[PDB]
Structure formats: C-alpha cells, structure tokens
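Peer 1: I'd like to ask you about the structure that follows.
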There are 6 protein chains.
Amino acid sequence: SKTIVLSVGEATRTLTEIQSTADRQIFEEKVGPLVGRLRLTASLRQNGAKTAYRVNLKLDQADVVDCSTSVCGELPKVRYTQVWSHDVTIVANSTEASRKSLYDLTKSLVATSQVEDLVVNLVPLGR
Amino acid sequence: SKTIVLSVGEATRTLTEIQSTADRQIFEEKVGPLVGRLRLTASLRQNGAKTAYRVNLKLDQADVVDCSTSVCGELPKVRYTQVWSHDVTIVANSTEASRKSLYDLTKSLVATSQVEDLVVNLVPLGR
Amino acid sequence: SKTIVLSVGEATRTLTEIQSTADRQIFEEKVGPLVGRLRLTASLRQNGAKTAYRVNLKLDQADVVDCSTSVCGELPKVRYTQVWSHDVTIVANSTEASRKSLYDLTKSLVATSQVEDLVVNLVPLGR
Amino acid sequence: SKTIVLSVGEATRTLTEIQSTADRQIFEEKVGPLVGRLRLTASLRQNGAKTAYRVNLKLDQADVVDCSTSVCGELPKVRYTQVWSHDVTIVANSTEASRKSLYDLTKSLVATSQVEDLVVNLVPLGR
Amino acid sequence: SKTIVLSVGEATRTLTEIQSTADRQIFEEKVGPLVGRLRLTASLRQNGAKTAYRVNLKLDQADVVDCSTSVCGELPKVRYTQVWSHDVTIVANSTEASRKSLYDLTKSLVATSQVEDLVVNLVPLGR
Amino acid sequence: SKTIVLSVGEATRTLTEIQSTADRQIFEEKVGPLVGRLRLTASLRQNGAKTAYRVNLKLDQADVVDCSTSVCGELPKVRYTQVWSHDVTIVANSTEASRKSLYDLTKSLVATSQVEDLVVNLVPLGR
C-alpha cells in the first residue's frame, strides 16, 4: 500500500491507500473508527485536444458522536460533513521557475495568518 | 484600499483591492501590465435555511507575450488562462479545535512534496 | 515488495506480493517453481448503502509432480487443487471488545485438536 | 450430548450440542440467555463422483441489549449479526505430512499479529 | 516511484513511473517538455486455462517542433509518432537454460550490425 | 545462400536463408534436426499514403524431445513454442542522429541486467 505521515505539532497521523485506481485515488486515515474519518480523493486527467491537464484534490472529514458512555444505547452517528475540493489547470509546456514561484506563493498564502482568521473568525480577508 | 503582501522567497508581490463588494471581492496584483496579471475572486454567502455557509475562492493568472523587442509591431497578447477555484462548506455550530486541525491538515497537504510532484511532473498522487 | 514470513516449526516460508491492487491482492510464495505453489487472494469491499463491509480471503495450493529424475521426459505437471475461501461480514459500528473476543474464539477453535482431527481423519466434529 | 470447552484466558466457556444431525451439526453456547448467543454450524459432504470432500464451518454470535435495569419495559433485543463461514476442499488421496504442514501454517497465520491488526484496526494485511 | 537510467553513450536519461497499475505500467521520461516525449507501456497477463502467459512491451516517442525562437507565436506541436510494440508468449513450465539462450540470441541479434543497417538504410536483412 | 553467424559466447550458430521473398524472408538455423529449430520471419512494407513504413521481425524456436535413446520407439516430438515478434514504425523523413540515439538506447535497454532478470525470474522491471 501507500502510507502518508502528517505532523500536527504533537502527534503524527497516518493515512493509508484504500482504493488504488488511476482515475480515482482514495486515501483513508487509520486511527480508530473507519466510518466518519479523514478521506482524500485525488484525480488526474487531460483536457480538450491534449493541450493542458486537470488535477482534482478533495479532502473530507465528518465528525462522529456516541452516547454509549452514558446512555444505554446509541451507535456512533455522523454529524456534519465538510468538503474542500481543488482544481489545478496547469499546461504542460510551461515554466519550471514559474511553477515553483506559484507554489511558493500558494504556500505563503496558506501559511499566512489572514486565511487562518478568515477560517476561524469568519472575517473577510483584508488586512 | 487593501494591500496583500506575498513572499515568494526572494521578492515580495503586492496585491491591491480593486472591486470592493460584499458578494464579490476582486483583488488584483500591481506590478506592471494590469491586463493579464494575477487576480483573486472571493465570495461569501449562506445556504438553505440559515444552516451553514458557502465560501468561494478563485485565483487566476494569464501569461502575456510581446514582440515589440524584435518585431516592429505586436501588442501584448494573452496566451493561456489558469483557473483554480475553491469551495468551503463549513457549518456555523462546529468546533474550533476541529477547524484548526482541519486547517493544519490542509496546510500540511499543501506544503507536502507529493502535491508539488503531482502539479509539476503530472504524476498521480501516490507515494 | 511486501513480504510475509510464516513459521511452520522448523523452517520459515516467505510470501511475496505480486499483484498489488485495491480490490484484489495476490500474494505468491517464492521457494522454487512459481507454477503450482502457494497463492493468497484478498479482497475488501462495502455492501448495500454504506452499512457494513465484506472481506474475502482465499488460500490455494496445488501440488506438482515431475518425472525428469527417472523418466526421460516429463514437464512439471499439477495434480489436484485445494480451495479454502473465507467471508467476513463485520459492521463498522460494532464493539472492539466483542471483535477481540470473537477473534480469540476463532483462534482457539482453529488451534484446537478437534478441527485437526476433522481435517485429517475426516471424522465429524463432535468430541 | 457433546460439550466443548473453550479457554479465553481467564474464564472457560462451554458449548453444548443441540441439533445432532449428520448433514448439519448445531452447537450452542450455554451461559445465560439462549437467544442471541454463540452458535456453530458444521457440515460434511462429498463432491462430483466420489473424488474429494467438502467441509463447511460457520460461527455466529449476535449481541443483545436490554433496558430493564433503568427503563421500565424492554425485552432483550438483538443488535447486529456476525457471520464467519469456512470452506474446506481436501481430497482423500492426499498426504498426511502436507495436511499437517498446511494446518500448522494456518494456525501460525491465525495466531500472528497481522490478522489481529487487520481485524481490529481494519488495516489491510501487509507488514 | 520507480526510476530507470538509460546510458546512450555520453549522457544518461531518466524515466519515471507515472501510472502504477498491474495490468498497465506507464513509464515516462523526464527531461523537459512532458508532452511528446518517451513513453513505455508494459502489460502482463495469462492465457487460455492457466497454461502460458502474455507480456506486451511498447515504446513510443513523438518528436516536437517549436517556432518561438524566430516566429512570434507557435506552441510546441508534435510531428510524427513511432510505435514499437512487442509480444512475449513464454510458458511457465519451460527451461531456464533455454530461456537464457533465447535471451542471449535476441541480445546478439539486436546488437548486430545487420538490424542497424535495416533500420537506417532501410535495406532488407540479408548479409 | 545468405548466411548469418551468431556468437553465443563459446560456439557460433549459422542461420541460412530458405524462403527468399520480398514480403516475407524466412531464415532457418542449420545445426541438426530441421524441424523444431530456430526460425526468423522478416517483413517490410509501407502504410497509408506513402507516409511511413512498417517492419516486422519475429523469432521462433520450439524445443524438441526424443526417447530413442532408452525407449524402443518415439519420433522427435516438439514440446512448447515461443513467439517474439516486433513492430517498427519509423517515418522516412526523420533524423539520422535521432535514429542512431534510439538504436543505442534500445541496445542499452536490451543489454541491461533488468530485462534479463525480468525474463528469468519473472520479476517486474523496476530497479
């Protein structure tokens, strides 16, 4: 299979390849309950007349709840569902330096504190 | 207005707010030629019956070419166009710790070397 | 690739992964002649409407014979074929303690002397 | 009748023969509530034209729940059902040493820690 | 992934595994432009009633052309396409010495000067 | 007629032209028994509307067995058959340097130790 190690700061999470296919790669996190966990869908294809390409990356994670600790009968039930898809449209005949600069800019925008505030406090991006 | 500073590694790019509106925020990068540059579209809304929300983030950048350096007449013409949209469906009554963990996982997946290889070498994600 | 070590008592056998696929994992034992050896087929899937799961495990081993030691001319020919399939239907929302107890009971029933007699002497299980 | 003693580590469970028949042997565990307990189905037959044989072994155990301890009225109700069947296709004219080696290999694969992890953590077998 | 190093005499080319699948392995050479490069397709299967096997090996390489050095606008365009497929039908119960002798004969026929002349000067093989 | 000398390392084999024809050249090895020996089929043609060409090269060798050394009476009988065909699709208006580089790369891939292991041990190519 295929293992992916993610560092959150104090613990390390492990995602395992489940559904190995070319047009659809499904990675699932193995921690405890398999239902309602962390899943990742990856897809790669072409477009038009062999011009550019298309990459899709989605990450889902549904929270679960359980009442067997106090209530005398309740199966683990999912609550909400979060969907975070992507879309990469990069042509083949491009530039390695330009692609590296774009990746660095995306990494900086992700690691900046403005997107974190936009996600947490729901405040529009504008600092 | 609203300025956004992005660090690519050796230089700093500046994006300026251009179309300040609630349902559509348009940021445009100011470097030289305004046509065919870096643009960012942000949108925030609700859904259904005041249950969750919907956030959309798109980033476009079209390359330009010019022949006035050698050829004696050619206006700056755009070449290809890249579209990278997003979709955030996070409910209000959620969990701050869960949202922070999801953001950290997304940042780790973005900063990992697998997505960079998938973007550059067009190799399906699976290491 | 993926290696599996099995201890028979005095020697150790090694099975190697050959056909790495999600819906069908084929492990083959590497000792000498690849044709007519030990093979293992593993499969994992879902069922109905995301309720439970389905696991299938089959183990085959066909004996071979050869006459090149005495007779002039005879290629290694397979004789009989043995099929030992399985079927695991365990729901996701279950109990870890119950699953561990069931696995321990299955291990005890396998390691008991009654199933060995049923296999060897073909005597019905009932001691 | 016919009693079977199984050692779990700290306690001993007793299974009693209930439905004594040649083509179908039904063993049932006697602990408390007979409904929703441990049952075992054994079957032995032939195949084709008196060539080989066919042995089937299934083990079922359904969990039960009750609310009479707190709620003032609820009969013991079954929850989920687990099915673990088998299939033995061993020809008569075989080899005692080969059968013993196969049984030892099966016992080792059952007692190994990989199948336990595959059962508990639902991680595919591959260490 | 999987890297393959090929020595042409003065430089070394590197082919990288792209599409890892059992029934179809796609290797792609990484030098510059990914479109119109060196690709290799490998396939392995069985035949009939588990008698022999079937191996297919194809190698493609399409030349590209570009006019951006002089003409002020022309994307890299492919020209011709070359297809060199193979077919290996070797039974399992064969002979290692015979297979080695056949491989040595094939290597000698490939390295001989007659096939090179047949490829270059298009002269029928017959020296 | 047309003789081809192949060096295996310690001995030299001689193949003789037998069926001299334009659309089908059949070379046969002359050592002893003509039936069940080494044969080579060569074919050259065009394609479409005078664009490129098509070259086909197949090499067959069937092993033989005989029992007249011990058994009273048994004619030389063929056992298995091996087929190794080729396909060359090279356009006329190409490049001599590119063709030479491709031939050198093919010779290196043939003489490498990875294809030898793939042929002998039946291990997929990937070192």
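Convention: chains lettered A, B, ... in structure tokens order; per-chain residue numbering from 1; ligands numbered from 1 as shown.
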Please provide the set of residues having any atom within 6 Å of residue 25 of chain A, restricted to only C-alpha atoms, with same-chain residues fewer than 4 positions apart removed, written as a list in words.
Peer 2: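 Here the qualifying residues turn out to be residues 19, 20, 21, 41 and 42 of chain A.
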Peer 1: Write out as a list in words each polymer residue whose atoms come within 8 Å of segment 88-95 of chain E, counting only C-alpha atoms; drop sequence neighbours fewer than 2 positions from it.
Peer 2: residues 35, 75 and 76 of chain C; 51, 52, 53, 54, 55, 56, 86, 97, 98 and 99 of chain E; 80, 81, 82, 83, 84 and 85 of chain F
Peer 1: May I have the residues within 12 Å of residue 34 of chain C as a tab-separated table (two decimals) with N, CA and C atoms, in the first residue's frame, using only C-alpha atoms and disregarding those fewer than 5 positions away in the same chain?
Peer 2:
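The resulting result_36.tsv:
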chain	number	residue	atom	x	y	z
C	15	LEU	N	6.27	-15.33	1.55
C	15	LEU	CA	5.31	-14.99	0.51
C	15	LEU	C	5.54	-13.55	0.07
C	16	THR	N	5.53	-13.33	-1.24
C	16	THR	CA	5.82	-12.02	-1.82
C	16	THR	C	4.59	-11.48	-2.54
C	18	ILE	N	2.62	-9.85	-5.43
C	18	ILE	CA	2.85	-9.86	-6.87
C	18	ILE	C	1.87	-8.97	-7.63
C	27	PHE	N	-0.94	-12.59	-3.23
C	27	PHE	CA	0.36	-12.94	-2.66
C	27	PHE	C	0.77	-14.32	-3.14
C	28	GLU	N	2.04	-14.45	-3.53
C	28	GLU	CA	2.59	-15.71	-4.02
C	28	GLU	C	3.80	-16.09	-3.19
C	29	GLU	N	3.94	-17.38	-2.92
C	29	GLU	CA	5.09	-17.88	-2.18
C	29	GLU	C	6.25	-18.13	-3.13
C	39	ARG	N	-0.70	-19.58	-3.13
C	39	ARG	CA	-1.25	-18.29	-3.52
C	39	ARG	C	-2.34	-17.88	-2.54
C	61	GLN	N	-3.32	-23.90	-3.02
C	61	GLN	CA	-2.02	-24.56	-3.12
C	61	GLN	C	-2.20	-25.85	-3.89
C	62	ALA	N	-1.62	-25.91	-5.09
C	62	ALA	CA	-1.72	-27.08	-5.96
C	62	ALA	C	-0.40	-27.83	-5.97
C	63	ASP	N	-0.46	-29.13	-5.72
C	63	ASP	CA	0.74	-29.96	-5.72
C	63	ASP	C	1.20	-30.23	-7.15
C	64	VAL	N	2.51	-30.42	-7.30
C	64	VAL	CA	3.12	-30.66	-8.60
C	64	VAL	C	3.87	-31.99	-8.55
C	76	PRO	N	7.02	-30.57	-15.30
C	76	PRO	CA	6.28	-30.50	-14.03
C	76	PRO	C	4.80	-30.26	-14.27
C	78	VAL	N	0.79	-30.23	-12.67
C	78	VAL	CA	-0.01	-30.08	-11.46
C	78	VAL	C	-0.93	-31.29	-11.30
E	91	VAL	N	5.79	-20.08	-21.94
E	91	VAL	CA	5.06	-20.91	-21.00
E	91	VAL	C	5.82	-20.98	-19.68
E	92	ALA	N	5.09	-21.27	-18.60
E	92	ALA	CA	5.71	-21.34	-17.28
E	92	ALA	C	6.64	-22.54	-17.17
E	93	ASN	N	6.12	-23.74	-17.40
E	93	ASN	CA	6.92	-24.96	-17.32
E	93	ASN	C	7.79	-25.06	-18.57
E	94	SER	N	8.91	-24.33	-18.53
E	94	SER	CA	9.86	-24.33	-19.64
E	94	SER	C	11.24	-24.78	-19.17
F	120	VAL	N	14.16	-14.01	-16.73
F	120	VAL	CA	14.49	-15.22	-15.98
F	120	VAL	C	13.57	-15.37	-14.78
F	121	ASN	N	13.72	-14.48	-13.79
F	121	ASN	CA	12.99	-14.60	-12.53
F	121	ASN	C	11.55	-14.13	-12.62
F	122	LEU	N	11.10	-13.65	-13.78
F	122	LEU	CA	9.73	-13.19	-13.98
F	122	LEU	C	9.36	-12.06	-13.01
F	123	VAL	N	10.35	-11.29	-12.59
F	123	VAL	CA	10.13	-10.16	-11.68
F	123	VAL	C	9.86	-8.92	-12.51
Peer 1: Using all C-alpha atoms paired in order, least-squares fit chain D onto chain A and give me the moved copy as a compact mmCIF listing (two decimals) with N, CA and C atoms, in the first residue's frame.
Peer 2:
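Written file, out08.txt:
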# COMPACT_ATOMS: atom_id res chain seq x y z
N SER D 1 0.96 -1.20 0.21
CA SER D 1 0.09 -0.04 0.08
C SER D 1 0.89 1.26 0.04
N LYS D 2 0.29 2.33 0.55
CA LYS D 2 0.89 3.66 0.50
C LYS D 2 0.52 4.40 1.77
N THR D 3 1.52 4.80 2.54
CA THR D 3 1.32 5.48 3.81
C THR D 3 1.75 6.94 3.71
N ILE D 4 0.97 7.82 4.33
CA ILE D 4 1.24 9.25 4.35
C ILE D 4 1.25 9.70 5.81
N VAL D 5 2.35 10.31 6.24
CA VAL D 5 2.52 10.77 7.61
C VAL D 5 2.32 12.28 7.65
N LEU D 6 1.40 12.73 8.50
CA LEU D 6 1.11 14.15 8.66
C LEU D 6 1.41 14.56 10.10
N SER D 7 2.19 15.63 10.26
CA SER D 7 2.59 16.13 11.57
C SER D 7 1.69 17.30 11.94
N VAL D 8 0.94 17.15 13.04
CA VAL D 8 0.06 18.22 13.51
C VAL D 8 0.73 19.12 14.53
N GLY D 9 1.88 18.73 15.07
CA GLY D 9 2.56 19.52 16.07
C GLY D 9 3.04 18.69 17.24
N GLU D 10 2.16 17.85 17.78
CA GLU D 10 2.50 16.96 18.88
C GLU D 10 2.27 15.49 18.58
N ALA D 11 1.43 15.16 17.60
CA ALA D 11 1.16 13.78 17.22
C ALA D 11 1.29 13.65 15.70
N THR D 12 1.40 12.40 15.25
CA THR D 12 1.56 12.09 13.83
C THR D 12 0.40 11.21 13.39
N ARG D 13 -0.30 11.65 12.35
CA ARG D 13 -1.41 10.90 11.78
C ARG D 13 -0.96 10.14 10.54
N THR D 14 -1.55 8.97 10.33
CA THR D 14 -1.17 8.09 9.23
C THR D 14 -2.39 7.84 8.34
N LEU D 15 -2.25 8.15 7.06
CA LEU D 15 -3.28 7.87 6.06
C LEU D 15 -2.82 6.72 5.17
N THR D 16 -3.72 5.78 4.91
CA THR D 16 -3.40 4.58 4.15
C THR D 16 -4.20 4.56 2.85
N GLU D 17 -3.53 4.14 1.78
CA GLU D 17 -4.20 3.99 0.49
C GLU D 17 -5.19 2.83 0.55
N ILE D 18 -6.41 3.08 0.10
CA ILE D 18 -7.50 2.11 0.17
C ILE D 18 -7.92 1.66 -1.22
N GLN D 19 -8.22 2.61 -2.11
CA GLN D 19 -8.82 2.33 -3.41
C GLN D 19 -7.84 2.80 -4.49
N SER D 20 -6.85 1.96 -4.77
CA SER D 20 -5.79 2.30 -5.73
C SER D 20 -6.34 2.19 -7.14
N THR D 21 -6.59 3.33 -7.77
CA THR D 21 -7.03 3.39 -9.15
C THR D 21 -6.46 4.65 -9.79
N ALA D 22 -6.27 4.60 -11.11
CA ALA D 22 -5.64 5.70 -11.83
C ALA D 22 -6.52 6.96 -11.79
N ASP D 23 -7.77 6.83 -12.22
CA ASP D 23 -8.66 7.98 -12.31
C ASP D 23 -9.25 8.40 -10.97
N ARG D 24 -9.00 7.65 -9.90
CA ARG D 24 -9.56 8.00 -8.59
C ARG D 24 -8.71 7.30 -7.52
N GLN D 25 -7.96 8.09 -6.76
CA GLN D 25 -7.16 7.59 -5.65
C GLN D 25 -7.82 8.02 -4.34
N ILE D 26 -8.14 7.04 -3.49
CA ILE D 26 -8.86 7.28 -2.25
C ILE D 26 -7.94 6.91 -1.09
N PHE D 27 -7.50 7.91 -0.34
CA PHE D 27 -6.71 7.69 0.87
C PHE D 27 -7.60 7.86 2.09
N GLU D 28 -7.43 6.96 3.07
CA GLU D 28 -8.24 6.98 4.28
C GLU D 28 -7.34 6.90 5.51
N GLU D 29 -7.64 7.74 6.50
CA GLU D 29 -6.86 7.79 7.73
C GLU D 29 -7.25 6.65 8.65
N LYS D 30 -6.24 5.97 9.20
CA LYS D 30 -6.45 4.84 10.11
C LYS D 30 -6.04 5.26 11.51
N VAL D 31 -7.03 5.47 12.38
CA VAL D 31 -6.79 5.83 13.77
C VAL D 31 -7.65 4.94 14.66
N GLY D 32 -8.95 4.93 14.40
CA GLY D 32 -9.88 4.12 15.16
C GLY D 32 -11.08 3.71 14.34
N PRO D 33 -12.19 4.44 14.50
CA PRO D 33 -13.39 4.15 13.71
C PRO D 33 -13.18 4.55 12.26
N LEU D 34 -13.32 3.59 11.35
CA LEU D 34 -13.09 3.87 9.93
C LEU D 34 -14.20 4.73 9.35
N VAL D 35 -15.44 4.54 9.81
CA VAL D 35 -16.55 5.34 9.32
C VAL D 35 -16.48 6.73 9.93
N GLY D 36 -16.71 7.75 9.11
CA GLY D 36 -16.65 9.13 9.57
C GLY D 36 -15.26 9.56 9.99
N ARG D 37 -14.30 9.41 9.08
CA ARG D 37 -12.92 9.78 9.38
C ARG D 37 -12.38 10.75 8.34
N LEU D 38 -11.07 10.72 8.10
CA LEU D 38 -10.42 11.61 7.14
C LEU D 38 -10.23 10.86 5.83
N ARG D 39 -10.76 11.42 4.74
CA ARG D 39 -10.64 10.83 3.42
C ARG D 39 -10.13 11.87 2.44
N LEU D 40 -9.41 11.39 1.43
CA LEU D 40 -8.81 12.25 0.41
C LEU D 40 -9.00 11.61 -0.95
N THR D 41 -9.55 12.38 -1.89
CA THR D 41 -9.81 11.92 -3.25
C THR D 41 -8.92 12.70 -4.21
N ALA D 42 -8.14 11.97 -5.00
CA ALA D 42 -7.24 12.56 -5.98
C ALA D 42 -7.59 12.07 -7.38
N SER D 43 -7.55 12.97 -8.35
CA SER D 43 -7.86 12.63 -9.73
C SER D 43 -6.97 13.43 -10.66
N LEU D 44 -6.53 12.78 -11.74
CA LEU D 44 -5.69 13.40 -12.76
C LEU D 44 -6.21 13.01 -14.13
N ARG D 45 -6.29 13.99 -15.03
CA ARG D 45 -6.80 13.73 -16.37
C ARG D 45 -6.19 14.73 -17.34
N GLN D 46 -6.70 14.74 -18.57
CA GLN D 46 -6.31 15.66 -19.62
C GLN D 46 -7.48 16.60 -19.92
N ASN D 47 -7.42 17.26 -21.08
CA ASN D 47 -8.46 18.20 -21.47
C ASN D 47 -8.34 18.47 -22.96
N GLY D 48 -9.47 18.82 -23.58
CA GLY D 48 -9.51 19.25 -24.96
C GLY D 48 -8.81 18.33 -25.94
N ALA D 49 -7.78 18.84 -26.60
CA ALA D 49 -7.02 18.06 -27.58
C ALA D 49 -5.56 17.96 -27.13
N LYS D 50 -5.35 17.30 -26.00
CA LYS D 50 -4.02 17.04 -25.45
C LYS D 50 -3.24 18.34 -25.24
N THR D 51 -3.95 19.38 -24.80
CA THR D 51 -3.32 20.68 -24.54
C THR D 51 -2.77 20.73 -23.11
N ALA D 52 -3.66 20.92 -22.14
CA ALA D 52 -3.26 21.01 -20.74
C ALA D 52 -3.69 19.78 -19.97
N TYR D 53 -3.81 19.91 -18.65
CA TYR D 53 -4.22 18.81 -17.79
C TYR D 53 -5.20 19.33 -16.75
N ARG D 54 -5.73 18.41 -15.95
CA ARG D 54 -6.69 18.75 -14.90
C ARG D 54 -6.45 17.86 -13.70
N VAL D 55 -6.19 18.48 -12.55
CA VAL D 55 -5.95 17.77 -11.30
C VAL D 55 -7.00 18.21 -10.29
N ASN D 56 -7.61 17.23 -9.62
CA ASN D 56 -8.63 17.48 -8.62
C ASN D 56 -8.22 16.83 -7.31
N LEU D 57 -8.30 17.60 -6.22
CA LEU D 57 -7.94 17.13 -4.89
C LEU D 57 -9.02 17.56 -3.91
N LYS D 58 -9.69 16.59 -3.30
CA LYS D 58 -10.74 16.85 -2.33
C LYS D 58 -10.38 16.20 -1.00
N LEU D 59 -10.69 16.88 0.10
CA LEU D 59 -10.41 16.38 1.44
C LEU D 59 -11.66 16.51 2.28
N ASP D 60 -12.16 15.38 2.78
CA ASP D 60 -13.38 15.34 3.57
C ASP D 60 -13.10 14.77 4.95
N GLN D 61 -13.86 15.24 5.93
CA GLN D 61 -13.73 14.77 7.31
C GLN D 61 -15.04 15.04 8.03
N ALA D 62 -15.76 13.99 8.39
CA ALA D 62 -17.04 14.10 9.07
C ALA D 62 -16.88 13.71 10.53
N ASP D 63 -17.35 14.57 11.43
CA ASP D 63 -17.28 14.31 12.86
C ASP D 63 -18.33 13.27 13.26
N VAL D 64 -18.01 12.52 14.31
CA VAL D 64 -18.89 11.47 14.81
C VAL D 64 -19.19 11.74 16.28
N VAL D 65 -20.32 11.20 16.74
CA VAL D 65 -20.74 11.32 18.13
C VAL D 65 -21.24 9.97 18.61
N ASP D 66 -21.15 9.75 19.92
CA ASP D 66 -21.53 8.49 20.53
C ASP D 66 -22.04 8.74 21.94
N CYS D 67 -23.05 7.96 22.34
CA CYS D 67 -23.65 8.08 23.65
C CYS D 67 -23.53 6.82 24.50
N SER D 68 -22.71 5.85 24.08
CA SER D 68 -22.59 4.61 24.85
C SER D 68 -21.87 4.83 26.18
N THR D 69 -21.24 5.98 26.38
CA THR D 69 -20.56 6.24 27.64
C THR D 69 -21.55 6.51 28.77
N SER D 70 -22.70 7.12 28.46
CA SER D 70 -23.69 7.43 29.47
C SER D 70 -25.03 6.77 29.14
N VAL D 71 -25.55 7.05 27.95
CA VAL D 71 -26.83 6.50 27.51
C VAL D 71 -26.63 5.02 27.21
N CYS D 72 -27.63 4.20 27.55
CA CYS D 72 -27.43 2.77 27.32
C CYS D 72 -28.00 2.34 25.98
N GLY D 73 -27.61 3.04 24.91
CA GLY D 73 -27.76 2.51 23.57
C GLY D 73 -27.80 3.56 22.48
N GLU D 74 -26.68 3.76 21.79
CA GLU D 74 -26.61 4.71 20.69
C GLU D 74 -25.37 4.39 19.87
N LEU D 75 -25.56 4.02 18.61
CA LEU D 75 -24.44 3.72 17.74
C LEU D 75 -23.72 5.01 17.34
N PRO D 76 -22.43 4.93 16.99
CA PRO D 76 -21.72 6.12 16.52
C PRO D 76 -22.38 6.71 15.28
N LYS D 77 -22.82 7.96 15.40
CA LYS D 77 -23.57 8.64 14.36
C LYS D 77 -22.80 9.85 13.87
N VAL D 78 -22.76 10.02 12.54
CA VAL D 78 -22.08 11.17 11.97
C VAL D 78 -22.91 12.43 12.18
N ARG D 79 -22.23 13.58 12.24
CA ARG D 79 -22.90 14.85 12.47
C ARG D 79 -22.86 15.64 11.17
N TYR D 80 -21.88 16.53 10.98
CA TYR D 80 -21.78 17.35 9.79
C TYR D 80 -20.71 16.79 8.85
N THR D 81 -20.68 17.34 7.64
CA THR D 81 -19.72 16.93 6.62
C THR D 81 -19.08 18.17 6.01
N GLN D 82 -17.76 18.13 5.85
CA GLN D 82 -17.00 19.24 5.28
C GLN D 82 -16.36 18.80 3.97
N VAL D 83 -16.47 19.65 2.95
CA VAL D 83 -15.94 19.36 1.63
C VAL D 83 -14.98 20.49 1.24
N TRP D 84 -13.75 20.12 0.89
CA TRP D 84 -12.72 21.07 0.47
C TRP D 84 -12.06 20.52 -0.79
N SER D 85 -12.61 20.87 -1.94
CA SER D 85 -12.11 20.42 -3.23
C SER D 85 -11.11 21.42 -3.80
N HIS D 86 -10.41 20.99 -4.85
CA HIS D 86 -9.42 21.81 -5.52
C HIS D 86 -9.56 21.65 -7.02
N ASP D 87 -8.79 22.44 -7.76
CA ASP D 87 -8.82 22.38 -9.22
C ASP D 87 -7.50 22.96 -9.74
N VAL D 88 -6.69 22.12 -10.37
CA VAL D 88 -5.39 22.52 -10.90
C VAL D 88 -5.45 22.40 -12.42
N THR D 89 -5.28 23.53 -13.11
CA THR D 89 -5.28 23.58 -14.57
C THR D 89 -3.95 24.19 -15.01
N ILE D 90 -2.91 23.35 -15.08
CA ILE D 90 -1.57 23.77 -15.47
C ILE D 90 -1.22 23.09 -16.79
N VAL D 91 -0.82 23.90 -17.77
CA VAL D 91 -0.45 23.35 -19.07
C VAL D 91 0.91 22.67 -18.98
N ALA D 92 1.16 21.74 -19.90
CA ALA D 92 2.42 21.00 -19.89
C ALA D 92 3.59 21.91 -20.26
N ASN D 93 3.53 22.53 -21.44
CA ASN D 93 4.58 23.43 -21.91
C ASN D 93 4.48 24.75 -21.15
N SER D 94 5.02 24.75 -19.93
CA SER D 94 5.01 25.94 -19.09
C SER D 94 6.43 26.35 -18.71
N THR D 95 6.64 26.67 -17.44
CA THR D 95 7.95 27.07 -16.94
C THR D 95 8.14 26.52 -15.54
N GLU D 96 9.27 25.84 -15.32
CA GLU D 96 9.55 25.27 -14.01
C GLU D 96 9.73 26.35 -12.96
N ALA D 97 10.43 27.44 -13.31
CA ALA D 97 10.62 28.53 -12.36
C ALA D 97 9.29 29.20 -12.02
N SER D 98 8.43 29.40 -13.02
CA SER D 98 7.12 29.99 -12.77
C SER D 98 6.26 29.09 -11.90
N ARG D 99 6.31 27.77 -12.15
CA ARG D 99 5.55 26.84 -11.33
C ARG D 99 6.06 26.83 -9.89
N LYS D 100 7.38 26.89 -9.71
CA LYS D 100 7.94 26.93 -8.36
C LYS D 100 7.55 28.22 -7.64
N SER D 101 7.58 29.35 -8.35
CA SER D 101 7.18 30.61 -7.74
C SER D 101 5.70 30.60 -7.37
N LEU D 102 4.86 30.02 -8.23
CA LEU D 102 3.43 29.92 -7.92
C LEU D 102 3.19 29.02 -6.71
N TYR D 103 3.91 27.90 -6.63
CA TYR D 103 3.77 27.02 -5.47
C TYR D 103 4.23 27.71 -4.19
N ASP D 104 5.32 28.47 -4.26
CA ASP D 104 5.79 29.20 -3.09
C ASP D 104 4.79 30.26 -2.66
N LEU D 105 4.19 30.97 -3.63
CA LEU D 105 3.18 31.97 -3.30
C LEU D 105 1.95 31.32 -2.67
N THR D 106 1.53 30.17 -3.19
CA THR D 106 0.39 29.46 -2.60
C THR D 106 0.71 28.99 -1.19
N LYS D 107 1.92 28.48 -0.97
CA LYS D 107 2.32 28.05 0.37
C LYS D 107 2.35 29.22 1.34
N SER D 108 2.84 30.38 0.89
CA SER D 108 2.87 31.55 1.75
C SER D 108 1.46 32.03 2.07
N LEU D 109 0.57 32.04 1.08
CA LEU D 109 -0.81 32.45 1.32
C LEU D 109 -1.53 31.48 2.25
N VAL D 110 -1.18 30.19 2.19
CA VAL D 110 -1.79 29.22 3.09
C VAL D 110 -1.26 29.39 4.51
N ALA D 111 0.05 29.60 4.65
CA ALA D 111 0.67 29.71 5.96
C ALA D 111 0.48 31.09 6.60
N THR D 112 -0.02 32.07 5.86
CA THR D 112 -0.23 33.39 6.43
C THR D 112 -1.34 33.35 7.48
N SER D 113 -1.39 34.40 8.30
CA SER D 113 -2.36 34.50 9.39
C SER D 113 -3.71 35.04 8.94
N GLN D 114 -3.81 35.58 7.73
CA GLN D 114 -5.06 36.13 7.24
C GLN D 114 -6.07 35.04 6.90
N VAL D 115 -5.63 33.98 6.22
CA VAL D 115 -6.54 32.88 5.89
C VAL D 115 -6.98 32.15 7.15
N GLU D 116 -6.10 32.04 8.15
CA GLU D 116 -6.48 31.42 9.41
C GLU D 116 -7.59 32.21 10.10
N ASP D 117 -7.47 33.54 10.11
CA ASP D 117 -8.52 34.37 10.69
C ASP D 117 -9.80 34.28 9.88
N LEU D 118 -9.69 34.27 8.55
CA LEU D 118 -10.87 34.11 7.71
C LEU D 118 -11.58 32.79 7.97
N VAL D 119 -10.83 31.74 8.28
CA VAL D 119 -11.43 30.44 8.54
C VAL D 119 -12.06 30.41 9.93
N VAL D 120 -11.35 30.91 10.94
CA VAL D 120 -11.81 30.83 12.32
C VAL D 120 -12.90 31.85 12.58
N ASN D 121 -12.54 33.13 12.57
CA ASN D 121 -13.47 34.20 12.94
C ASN D 121 -14.44 34.56 11.83
N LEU D 122 -14.36 33.92 10.67
CA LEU D 122 -15.25 34.17 9.54
C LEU D 122 -15.21 35.64 9.10
N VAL D 123 -14.07 36.29 9.31
CA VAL D 123 -13.89 37.69 8.91
C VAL D 123 -13.34 37.72 7.49
N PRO D 124 -13.90 38.53 6.60
CA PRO D 124 -13.40 38.57 5.22
C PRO D 124 -11.93 38.96 5.16
N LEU D 125 -11.21 38.36 4.21
CA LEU D 125 -9.78 38.58 4.07
C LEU D 125 -9.52 40.02 3.63
N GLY D 126 -8.78 40.76 4.45
CA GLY D 126 -8.47 42.14 4.14
C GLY D 126 -7.72 42.85 5.26
N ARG D 127 -6.45 42.51 5.43
CA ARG D 127 -5.63 43.12 6.47
C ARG D 127 -4.54 44.00 5.86
Peer 1: For the structure I just gave you, how does DSSP split chain C - specifically, which residues are helix (DSSP H, G or I)? Reply as a PyMOL selection string.
Peer 2: chain C and resi 96-111+113-120
Peer 1: Assign secondary structure with DSSP using the backbone only, and return the residues of chain F in strand (DSSP E or B) as a PyMOL selection string.
Peer 2: chain F and resi 3-7+12-19+25-29+38-46+52-61+64-65+77-78+83-85+88+91
